[PDB]
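Engineer: What shape does this take:
(4 chains, ligands or ions: 6)
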Amino acid sequence: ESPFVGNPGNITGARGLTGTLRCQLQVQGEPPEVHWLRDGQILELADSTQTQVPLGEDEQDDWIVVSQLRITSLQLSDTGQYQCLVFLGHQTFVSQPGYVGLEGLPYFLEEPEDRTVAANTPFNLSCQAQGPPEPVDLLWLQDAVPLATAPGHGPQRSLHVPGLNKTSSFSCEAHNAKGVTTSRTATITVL
Amino acid sequence: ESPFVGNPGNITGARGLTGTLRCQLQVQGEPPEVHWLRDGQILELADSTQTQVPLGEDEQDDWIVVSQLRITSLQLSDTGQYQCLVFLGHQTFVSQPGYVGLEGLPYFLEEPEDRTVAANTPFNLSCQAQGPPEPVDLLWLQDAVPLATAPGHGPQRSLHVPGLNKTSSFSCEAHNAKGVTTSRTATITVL
Amino acid sequence: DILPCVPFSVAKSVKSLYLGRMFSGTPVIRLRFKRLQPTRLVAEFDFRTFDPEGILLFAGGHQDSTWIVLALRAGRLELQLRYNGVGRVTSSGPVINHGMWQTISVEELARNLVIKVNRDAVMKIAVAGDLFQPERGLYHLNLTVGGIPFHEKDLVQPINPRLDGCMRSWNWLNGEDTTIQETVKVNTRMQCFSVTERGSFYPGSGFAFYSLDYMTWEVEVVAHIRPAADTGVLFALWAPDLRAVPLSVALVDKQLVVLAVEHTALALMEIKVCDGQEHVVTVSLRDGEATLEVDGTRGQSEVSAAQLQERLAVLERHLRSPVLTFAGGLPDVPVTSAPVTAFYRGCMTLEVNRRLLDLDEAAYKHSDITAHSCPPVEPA
Amino acid sequence: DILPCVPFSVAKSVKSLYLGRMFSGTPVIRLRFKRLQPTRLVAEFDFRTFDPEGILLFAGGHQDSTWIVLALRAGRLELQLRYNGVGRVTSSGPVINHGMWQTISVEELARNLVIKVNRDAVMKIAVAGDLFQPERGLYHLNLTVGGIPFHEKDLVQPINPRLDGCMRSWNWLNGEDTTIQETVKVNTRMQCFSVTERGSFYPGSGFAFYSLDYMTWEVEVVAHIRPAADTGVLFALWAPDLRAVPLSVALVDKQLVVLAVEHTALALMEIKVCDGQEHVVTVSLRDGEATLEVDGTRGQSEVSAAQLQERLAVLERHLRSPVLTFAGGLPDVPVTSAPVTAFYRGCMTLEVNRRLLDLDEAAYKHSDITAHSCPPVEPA
Ligand SMILES: *[C@@H]1O[C@H](CO)[C@@H](O[C@@H]2O[C@H](CO)[C@@H](O)[C@H](O)[C@H]2NC(C)=O)[C@H](O)[C@H]1NC(C)=O
Ligand SMILES: *[C@@H]1O[C@H](CO)[C@@H](O[C@@H]2O[C@H](CO)[C@@H](O)[C@H](O)[C@H]2NC(C)=O)[C@H](O)[C@H]1NC(C)=O
Ligand SMILES: [Ca+2]
Ligand SMILES: [Ca+2]
Ligand code: NI
Ligand code: NI
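Structural biologist: Numbering: from 1, shown residues only, chains lettered A, B, ... in the order given. Ligands and ions are numbered 1, 2, ... in the order given. Here you go, the structure:
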């Protein structure tokens, strides 16, 4: 049968998060080195830690191996189906799979910038923001005031201001299933 | 009487060690700011953390103040008698004292240096090391071999080597009541 | 001497911290940090509550300088920011007042301010500056728990700071420095109920009262209760000047509720107060009518529509003046001022005039009364 | 069926780790670290022991590359270093084999290597390089506990790796990653005795034996014991080829010790084995004399100096050949091969010929026998 007894679990979180996957097999004599497979391919450069515990009286009896892959600053690429692999002779063995997915608050790509415009003149501000998860609804604010009933409603990614007879400020919330992340407060200076 | 109820303790350790002293008084209404005295003088720039807990129903009943001074990287100067100080009106109050002293393994000041000497020629190596605690006994080693029965015995601070017909190496242990710290291994290259 | 015919699990939790201990909205704990070098703010703690509104913690400097407040409003997390005059307030995340424990934390990661519930982020707000402020070659920062250093009127969006929630497993700016955990051990009054069910709990030692208007005139009271004593004032009206008890609902023995105007009854109704079950006492009054129901079952009056009038007439005359509404008890009045005058001991939620009474909104709540949490009925 | 007339507190400790589990000196745990970036080694753990000599942990690469070993020798901490061929060994600190718990830790602070006992430093050795080694775009490092990856003969200063000590509250390179703590829960055989007193404990299921020379010829045995069964072989000599039991001391019932040569007794002596007290059985033999003492009180022989000679004559002839010295039991021999043949169950320290027997030095110790630790006598 399959040497495994414990299969990888699942880890989902925001970018940056460090977490760990772990499988634990039991073999007969001198344990094999356990490798990690991500999306069916071999993970050549990854932080892993194998713990071997001899159950017998010699190194030729039963052993308990437990390998845990650790993902440090969780980014996008690290996303996928992960599984353990051990070679028992010319034969090969794989663990059930585990999946790791990225999922947190909105990430800004563009935020309202500071500007200094002539009075009663038109101009535009921008506000992009990616997920996952998607979709992400935007929502502007003027002098700390919503410019729409709720997120997703009103201008988004690009807000056109007809004119300003005095210095004002704009923010830009970004919402998604996880929560909300507000942008920096841009200050428009009038002359 | 004295508002205090808890007086500073004592913290002794090696250089670098971070530790904390703490006194805790109980007063009537709006607690006073608690200062720290070291060697009878006022500690103007020091990390401290006061915790105030109201015992009554208003801010004019009994309070429990607890202040803890924290010494980060314990160095030599931080050594002394410490005590808490609170002003209750034009009057003044001080806590019992607590003392913090530096005490660890030997610290090197000079270690055997690498050299390249002509064969069968004389030369000298050096090896200083301070405490506290003192006294610190030295002890050389040649090619990983003691040059004396025990610490304090044999050459110290300065070892004279008459000559070497082949490249050799010297170490220098340094002992004191706390334990021992061995120096780097110097390699003398012969020509 | 009256005794508890149905005791509750008055089991505290020495490892916890009660944020609602003081009705005066004073913070239950105040920290003052003096640090040698720049310092990132980081607070984390386990928190449990039913109260939908309240203040978790304040962190920052002077009222009109720069600070942050993390609060509960509408049962959700609210964050108010003032970074020098510039007000701001955000709200998101899941429901918090679900009665289950959880983990909340505020921190200054990057140039933003991050808030997390169960190690997962819910709010990321961009700020332009640090909470710790430079004052005399040292950085400072104050931090208060369960309340703020100033008056709610000066916040950014006012809120009733009073929060009946529990806290534990705290960590202020990294450190286990068991200093709080120590005094909280010695002061039971600072620990919370180990297990908390919904409702408001009266331990039978004080009362709470409001300044409610009843002007024609109405008086509808709905009191979901779970007694722990055979006698005690549920609801009541009080006229200060003449120390009179215009109206009042209470428990007595045998074993029954009793509506009344001043010294005279007006109706009764039997109830099995000692079965630890939720009963729904309800009283409805106005000129002409004066009925008392218990679980939808009226009781026979003690009047005669003739006497009942030489009462409601007095009552409606009392309402023509200021009247304090008491819950759970009555100030020091002569024993012959009403049918019952001893304090009620148990769980009780009051609806007065289609409005729900929030003990945090009262004009005065005795301190040992828990605004939004009742201990469980110890099954024997 | 014989039963334990004096049971011991066979209470393990699920949170611990037994380093002496395997007589074969194989490490009880092997860790293999693959890390993306440079990594500082840091190991810390709580440790308790009586054994004066043993190996705590190995950390590093290949046998002749660069590694470190932290060990116990003479009851003190020994540190061996090999940073590419360059051997080195240091020793200092307090006594460790005092039977009380403590905290030991190795780490690569600065460009030195620091060792601490109870968060206080005892040894600071200067090294020139890092333990983690670069191999294929990754840094690696192996770490074994209670033993090494190779043969003691290849160390820097050989030492008998076998260490009967307990470990708990461990932390390898920072992490609580409860992986060890898990299997140790399921395998009692890996946990230690909750309380440990001095001596060597035989659970009565195996034995240990040595190849000792007795050549005239002497045979002095001193056995401090604390039985837990009325019968059992304390000391014994065995002749492999003929499966003979030349000499043997044991317990039987009533209730007494018994010296003997092959199938025939030679002397007896009563003892109260079931009072959990330390007795000092001592046997002295050589041509002419053959006495047995128990706490300094000889017993009357069963021979006659005439028969006693048609024995010591056989014995000294047996010693003219290879003879295995057994402690606690005997291989599978016919019941009529000696007075007693069942295994001894209890605490017992043997002195054979003015020399003290170290069960770690034996040629074979059954695994369930504890080299330097006996469980306490459960007071009933
Ligand atoms: C932190 O809070 C303390 C209150 O404990 C503030 O201290 C007061 O400061 C004002 C003005 O500096 C004084 O007039 C009061 O007498 C002070 N009270 C005490 C007990 O010293 C302090 O100013 C606050 N610091 C910050 C972060 O702004
Ligand atoms: C760490 O320990 C492992 C486990 O034995 C060592 O791996 C062996 O390395 C040799 C030489 O490269 C190989 O021939 C074996 O096949 C390996 N065994 C396994 C199970 O893979 C490894 O050498 C050690 N790492 C270092 C550099 O110390
Ligand atoms: Ca509230
Ligand atoms: Ca040993
Ligand atoms: Ni092959
Ligand atoms: Ni003055």
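
Engineer: and the one residue in the stretch 1-150 of chain C that gets nearest to ligand 2, what does it touch?
Structural biologist: For the stretch 1-150 of chain C, the residue closest to ligand 2 is residue C:119, as judged by Cβ to the nearest ligand atom, at 34.1 Å. From N, CA and C alone the C-beta is placed, and that goes for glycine too. Counting by Cβ atoms under 8 Å, 6 or more residues apart in numbering or on different chains, residue C:119 makes contact with C:103, C:105.

Engineer: could you list every residue that touches the residue nearest the centre of chain A?
Structural biologist: By Cα atoms, centre = their mean, chain A has its centre lying nearest to residue A:102, at 3.0 Å. By Cβ under 8 Å, 6+ apart, the contact list for residue A:102 reads A:12-15, A:74-76, A:78-79, A:132.

Engineer: One more pass at 10 Å, please.
Structural biologist: Residue A:102 sits next to A:12-17, A:74-79, A:131-133 when contact means Cβ atoms under 10 Å, 6 or more residues apart in numbering or on different chains.

Engineer: Same question for residue C:252.
Structural biologist: Here residue C:252 is in contact with C:230-232, C:258, C:265, C:268, C:273, C:339-340, C:342 (Cβ under 10 Å, 6+ apart).

Engineer: Roughly how far does the one residue in the stretch 151-300 of chain C that gets nearest to ligand 3 sit from residue B:172?
Structural biologist: Taking Cβ to the ion as the measure, the stretch 151-300 of chain C has residue C:162 as its residue closest to ligand 3, at 4.6 Å. Counting by Cβ to Cβ, to the nearest Å, the gap from residue C:162 to residue B:172 is 68 Å.

Engineer: from the contacts of residue C:252, which is closest to residue A:49?
Structural biologist: residue C:273 (62.5 Å; Cβ to Cβ).

Engineer: Determine how far stretch C:236-245 lies from the middle of the whole chain.
Structural biologist: Its chain's C-alpha centre and that of stretch C:236-245 lie 24 Å apart, by Cα atoms, centre = their mean, to the nearest Å.

Engineer: Any idea how far apart the tips of that stretch sit?
Structural biologist: 7 Å (Cα to Cα, to the nearest Å).

Engineer: Not counting its own residues, what contacts that stretch?
Structural biologist: With Cβ under 10 Å, 6+ apart, stretch C:236-245 has contacts from C:207, C:209, C:212, C:214, C:219, C:221, C:233, C:246-250, C:260-263, C:314-315, C:318-319, C:321-334, C:337-341, C:344.

Engineer: just to revisit the earlier point, out of residue C:162 and residue B:172, which sits in the busier spot?
Structural biologist: Neighbour tally, residue C:162 and residue B:172, criterion other Cβ atoms under 10 Å in any protein chain shown: the higher count belongs to residue B:172, 29 against 26.

Engineer: how about the residue in chain A positioned nearest to chain B, what does it touch?
Structural biologist: Proximity of chain A to chain B (Cβ to the nearest Cβ) peaks at residue A:18, 25.6 Å away. Residues in contact with residue A:18 (Cβ under 10 Å, 6+ apart) are A:11, A:47, A:70-74.

Engineer: let's see it at 7 Å
Structural biologist: Residues near residue A:18 by Cβ atoms under 7 Å, 6 or more residues apart in numbering or on different chains: A:70-74.

Engineer: still on that earlier bit, mind checking which of the contacts of residue A:102 are buried?
Structural biologist: Buried members of these, scored by 16 or more other Cβ atoms under 10 Å in any protein chain shown, are A:12-14, A:17, A:74, A:78-79, A:131-132.

Engineer: Can I get those residues in a markdown table including distance to ligand 1 and secondary structure?
Structural biologist: Converted to a markdown table, the buried ones among the contacts of residue A:102 look like this (distance: Cβ to the nearest ligand atom, whole Å; DSSP: H, G, I helix; E, B strand; the rest coil):
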| residue | distance to ligand 1 | secondary structure |
| --- | --- | --- |
| A:12 | 39 | strand |
| A:13 | 34 | strand |
| A:14 | 31 | coil |
| A:17 | 32 | coil |
| A:74 | 36 | coil |
| A:78 | 41 | coil |
| A:79 | 43 | coil |
| A:131 | 38 | coil |
| A:132 | 39 | coil |
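
Engineer: By residue count, what's the longest helix in chain C?
Structural biologist: helix C:309-318 (DSSP state H).

Engineer: which residues in the stretch 151-300 of chain C form strands?
Structural biologist: C:165-172, C:192-193, C:201-203, C:208-211, C:219-227, C:232-238, C:247-252, C:256-261, C:264-270, C:279-286, C:289-294 (DSSP state E, counting those that start in this stretch).

Engineer: Regarding residue A:101, what is its secondary structure?
Structural biologist: When classified by DSSP: H, G, I helix; E, B strand; the rest coil, residue A:101 comes out as strand.

Engineer: leaving aside the residues next to it on the chain, what's closest to it?
Structural biologist: In space, and not counting its chain neighbours, residue A:101 is closest to residue A:12: 4.5 Å by Cβ to Cβ, 6 or more residues apart in numbering or on different chains.

Engineer: residue contacts, the one you found?
Structural biologist: A:100-101, A:103.

Engineer: now do 8 Å
Structural biologist: A:100-103.

Engineer: Looking at those, which is nearest chain C?
Structural biologist: Nearest to chain C among the contacts of residue A:12, with distances taken as Cβ to the nearest Cβ, is residue A:103, at 9.4 Å.

Engineer: picking up where we left off before, I'd like the contacts of residue A:12 written out as a markdown table, with distance to residue A:87 added.
Structural biologist: Below are the contacts of residue A:12 laid out as a markdown table (distance: Cβ to Cβ, whole Å):
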| residue | distance to residue A:87 |
| --- | --- |
| A:100 | 24 |
| A:101 | 29 |
| A:102 | 31 |
| A:103 | 34 |
